[PDB]
Structure formats: C-alpha cells, structure tokens
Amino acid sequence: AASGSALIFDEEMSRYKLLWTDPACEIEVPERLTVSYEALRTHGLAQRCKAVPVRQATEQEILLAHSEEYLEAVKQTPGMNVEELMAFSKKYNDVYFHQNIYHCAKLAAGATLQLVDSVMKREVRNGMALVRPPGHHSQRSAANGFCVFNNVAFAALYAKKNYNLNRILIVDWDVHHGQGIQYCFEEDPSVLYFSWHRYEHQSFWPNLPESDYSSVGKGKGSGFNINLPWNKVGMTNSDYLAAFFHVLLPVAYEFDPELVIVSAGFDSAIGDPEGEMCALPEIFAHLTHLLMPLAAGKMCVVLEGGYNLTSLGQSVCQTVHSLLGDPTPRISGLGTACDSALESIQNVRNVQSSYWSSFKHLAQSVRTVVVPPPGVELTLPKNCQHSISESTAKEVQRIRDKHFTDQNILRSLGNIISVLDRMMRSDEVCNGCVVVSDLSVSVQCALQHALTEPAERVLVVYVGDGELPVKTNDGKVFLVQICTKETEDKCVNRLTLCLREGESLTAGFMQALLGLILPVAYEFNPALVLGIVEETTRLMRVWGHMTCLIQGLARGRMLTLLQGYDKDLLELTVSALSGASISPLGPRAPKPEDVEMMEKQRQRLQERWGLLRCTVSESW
C-alpha cells in the first residue's frame, strides 16, 4: 500500500567550503553533492523519485542527541571571521567550520528527519537523502571528522519518539567507524548499530579501541553494537558480501527491525583516496537489495562519506537503482574472503555468539508475467501480465516427437518457452511465474530450452522431496533442494537441505538461506534462476523472502514453476517477483540437528565455494 522512493536534496548544502589549507579536510568538497545529484539526473533516476523539500531541524530535535552547550557553541559560528572559525575547528579533530555550515548542518539534519517521516507515514516505500555535512562521527558535544551533527542518530531517536519504534537497525557501510552513533546508542538495545570500517589494528583514523570487534555494548544494550574491523586495505566485493551473509544479515533477520537506517558512505568503494578499498560501485546495488525485506522495505538511506567524484556518483546511482527496484547487476569474480577478512569475521562472530546464538561453534515496462491455469483470472499488480505463438508451438511439436504425450501440458511448456524467450530476449520482461502441470516434463523442457537461450549458468531451486529431475555434472547448472528425506549429498554441484518439520522450520530455513544458499549462488553468478515447488505450508511463511533475496542473481531473471494451484502461494510468488514490499517474519532459534546438518554441508562445500567460509582456513 506504499510506493515510490524519496530523493531529498538541496543545492544549499553545497554552499560551505574549507577556507584554509588542511590536507585532512581537502577531500570534503561541495562538489560531492553536485556530482551525486547530476549523476542521478543523467541516468534518469532523480526524475523517478518523489522529491521532498528540505526543512531545518528544530532546536529540540537537535537536542535529542546533542547538548545545549555544544549547540550554543555551533550556533555562534555564522558570526565568526576566518580567523575565528579556524580556531573553533582546531578545538576538534579533522573538521572545518564555515560561515554557512551551521545553516546546512540543520538542513542535513532536517532532510534526514523528513526522510523518516516520508517513509514511516507510508508516503513512499524507501528513500535517500543526499546531505552535507555527514553525521556518524559527531557526538553529544563534539564535532568530529567532517561531521557537525549526527544525522542518522537524529533519525533513530526521532523515529523512536514520534513513532514508538522498539527496534531500529542502523547500517554504516562507510569505511570509518561511526563512533558518534555507537556512543549514543551504546547502552541502548532498541537501536542495533552495525559498522564495518577500515581499522588496520587501530593504526587508522579515528584510532579507537572502541572501534574493535570487542566493543559489543554496555549495560542492557550489550549485543546490539557490532563492529567489523577491516585490518587490510583492498577489500574486494567478496569481502563485503561475506560480511553480510555471515555477520550482518543473520543478526538483522533475528532482530526483525521495524526501520532500517543506512549511513551510506561511499568511500568504501574502489578509487577512494581515504578508504583504499577495491569494491565496485555495483556492490552497493546488492548491499541495499539484501536489506529490502527487513522492516517491510522501510529503508532510509542517508549519505555519509565518499570522496572520489567519479567513484562516488556511480555508487549513488547503484543505490538508487535498487531502491527503485531496478534489476541488480550480475557480479562475478567472487570467492573466498581474504584471510584478514575471514579473521575479523571469525572474531566478531565469536564475541557476539553469546548474544546471537546462531554464531556458536563446537569446540576444536512490464516486469513480471503470470500464466495461471486456463480460465482463471486474478488481481495482479501494475507489474504483471498473462500469456503463446506459432513459432514456439513449432518448437513444442519438436520436443514431443523427440523426447516425449497429448494434453494441455503442451500449453504449459509452450508458455514456459514464450516467457523464457521474453526474459532473455528484448528485456521484454524480467522475471516470470508459471503455474504448472507435470513436473518432470516441465523442468526438463524449461531448463534445456533455457541453456540454449543461451544461459551460461543456471541456478535451480527446488522445494519438495522428489527425485532429481535433471542431472548436474557439466559445471553449468547448480541445484538447491529443500526436502524432508536426507539425500546423503554426494556431488559438489548440489546442496540438499533436509529439515525437520516444526515451528523451527522457518527459522532454520532463513539460517540456511543467508549462510549457505546465498553465498553459493553469488559466487556461482547464474544467468537464470529456476524456482520449482512441489504441490506437496511452511513455504508460505518464508517463500516470500526467498524469492526476493535470490533476485540479486541473474539480473533478476527468475522463472518460477508451481505445481498444484495454491492461490495464496501463487499470489505470494507474484507479489515478491513484482517488487512489492515483503512482510516481516517476526523475531528465532533453529534445532541443533538443523545447524549440525548445515555446517556439515558447509564444510563439505566451502572448499569449492569459498564464499561459504566464515573462518580462516586451517592450512595443512
């Protein structure tokens, strides 16, 4: 019941500069704001988002996270001459003050709060606020590291007070530790702060021992502060994704936050003179996408850092692209996280295991198409469509004469072909769903016709306790199976998850979806995902999240096959393919027989598929 994305921006926040010479601050230039908006204008993204005017944050809204003494100190900056602002900023670490900075800082704060109102009032689905100056380094009574007021800390307290929110998730993917956010919510379990950052064993700015993975939280908030220190530069995409799959996403879904706030700093990308990482801008399209099912999509992205004018624009658009639901780009070259990242991931998982038990270890135009059974017609949203051709029927006649029958299953396969060509050609449609008939002839005609589309690699997800419908050996097809009978997994190109029926089914499926299925599928880089569900539910609770997270692969091109018409599950499949917001799962403990089965599958697979590794490999 909510649509669109908010883009909050104003040219006035680019009207304060660094005046004196300061090599530490020279990277923070007003051009960062102009290049980011102009890149959104060039790619047709800014014009596609609901623009929201910028307001000033009131004095009381700023006092939510700051003290009157420090606010009054900043309040007297616009009356200072260059000699006086140089002295006022020498009182702090790596920050400069301008005659207009107090004005724009209140705009950066107000713009953020206005983004929370837009998202929480269901006026838009998600949003981004291109603001300046940043926020995550400022604290109750100090301006630190380019930041005057903590914009994201305002948003969380603001949403806590004005919307009675009990659980808020802050994600800070800047390369600098947002200590101002951690300080403010240190003893606070209502706001889960996660932050990866360049650390290099405290040798990197801001050189804090609190930035380390040891800092977990004080008092009743312990376990809701998660630091992931990068100790080596050049972190690649596989390092960032492994952090999500094995640290951030398992804790987030367990948290089940009512609002996701993102400290989007893009100095964590390739070419940045401060972060010196090697992550492509395209990785951010997936970072945001992996967080969409949380808080039913209610995600407020707020700009933080990013200082390579060319690298900054590209990642801002990748973020807005996935915010609007555009297809995420395929990412290749993924594999094992580097040994330093595996060490840091291993340490933080351990220290946090006492608070999140999932980390324990044993001691050592139209987007979707719907073809339902003939005659029926359902209420499908503004991204969907129904069905055939004689060019495809000539094909279908060839498959019957060669490999197989007479029935209207030929129409099911004839429609499977028509959408498959519509997905891989024309970009006519993206994903698709086919309520289907006989399973074996349907999957065989679907896959074999998909590999000749061509589809370099095809990922197949099948939920049901059936027999293997197609084989997997030639290295071009990977298969995931959900079932009830243990298949005694033999081949590496497969992954069979045997679950025990119960109330712990959905909680275990999510642990296997984030810890196993997603890391394998991302390293696989498929050209098409083929989902099939047997008519033999617990899937209804979780299938929505599965269909949305897996769309990060294959540029979204997913074909789903449902046997036996289930109106509730068919409507759930189409809604998640259409890009609609996904209902939360609520707060979350899998059976010990389940996690024993998955780590058994991980050890069995983590050698070929390195993205499964969450520990540094024990060298022989």
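Note that residue numbering begins at 1 and tracks the sequence as displayed.
Per the record, residue 404 and residue 405 are separated by 1 to 3 deposited residues that are missing from the model. Counting the deposited residues that fall between residue 364 and residue 365 and carry no coordinates gives a value of 10 or more.
The stretch with the higher mean CA B factor, choosing between 538 to 546 and 256 to 264, is 538 to 546. When the two stretches 506 to 514 and 332 to 340 are set side by side, the higher mean Cα temperature factor goes to 506 to 514. Out of 251, 156, 429, 287, it is 429 whose C-alpha atom has the highest B-factor in the PDB entry. Of the candidates 440, 202, 112, 162, the deposited coordinates give 440 the top C-alpha B factor.
Sort the chain's modelled residues by C-alpha temperature factor and residue 66 lands in the lowest third, per the entry. When the modelled residues of the chain are ordered by their C-alpha B factor, residue 31 lands in the lowest third. The deposited CA B-factor of residue 557 belongs to the middle third of values across its chain. In this PDB entry, the Cα temperature factor of residue 569 sits in the top third of its chain's modelled residues, the highest group. Among all modelled residues in this chain, the alpha-carbon of residue 56 has a temperature factor (C-alpha) in the lowest third.
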